[PDB]
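Next comes just one chain, in structure tokens: the form deposited in one PDB entry.
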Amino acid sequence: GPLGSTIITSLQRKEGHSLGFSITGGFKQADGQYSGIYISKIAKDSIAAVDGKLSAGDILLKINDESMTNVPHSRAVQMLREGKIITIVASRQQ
């Protein structure tokens, strides 16, 4: 059956470091909605990697009280570029 772990983690920006994960998705669908946004890769040496909670393939659902569902790619990027503390809610399918 379908299984989905709910991942919640808070990351602290470090001067000179980025969060260290790339994202994909958030594409405009023919029906007008925007596709889901996923974590594509995580740099082995980065704040997210050291945290260890997130993983590539996770779907991003929330970033600092901002929903990522039916949201364009550019908006999710701009929202991750925002304060010192970034609380992320994602889902990991298995």
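Each residue number is its position in the shown sequence, starting from 1.
- In this entry, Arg81 is separated from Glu82 by 1 to 3 residues of the deposited sequence that have no coordinates.
- Relative to one another, 14-22 and 66-74 have unequal mean CA B-factors, and 14-22 is the one with the higher figure.
- Ranked against the other modelled residues of its chain, the C-alpha B-factor of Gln94 as given in the entry falls in the highest third.
- Ranked by Cα temperature factor within the chain, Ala30 sits in the highest third according to the deposited record.
Beyond what is shown, the protein has a form deposited with a partner chain bound; the following relates to that form.
- In the deposited complex, its partner chain sits beyond 4.5 Å of every heavy atom of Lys44.
- At least one heavy atom of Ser40 is located within 4.5 Å of its partner chain in the deposited complex.
- Taking the partner from the other structure, its partner chain in the deposited complex has no heavy atom within 4.5 Å of any heavy atom of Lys84.
- Proximity of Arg75 to its partner chain in the deposited complex: non-hydrogen atoms within 4.5 Å are absent; the residue sits far from the partner.
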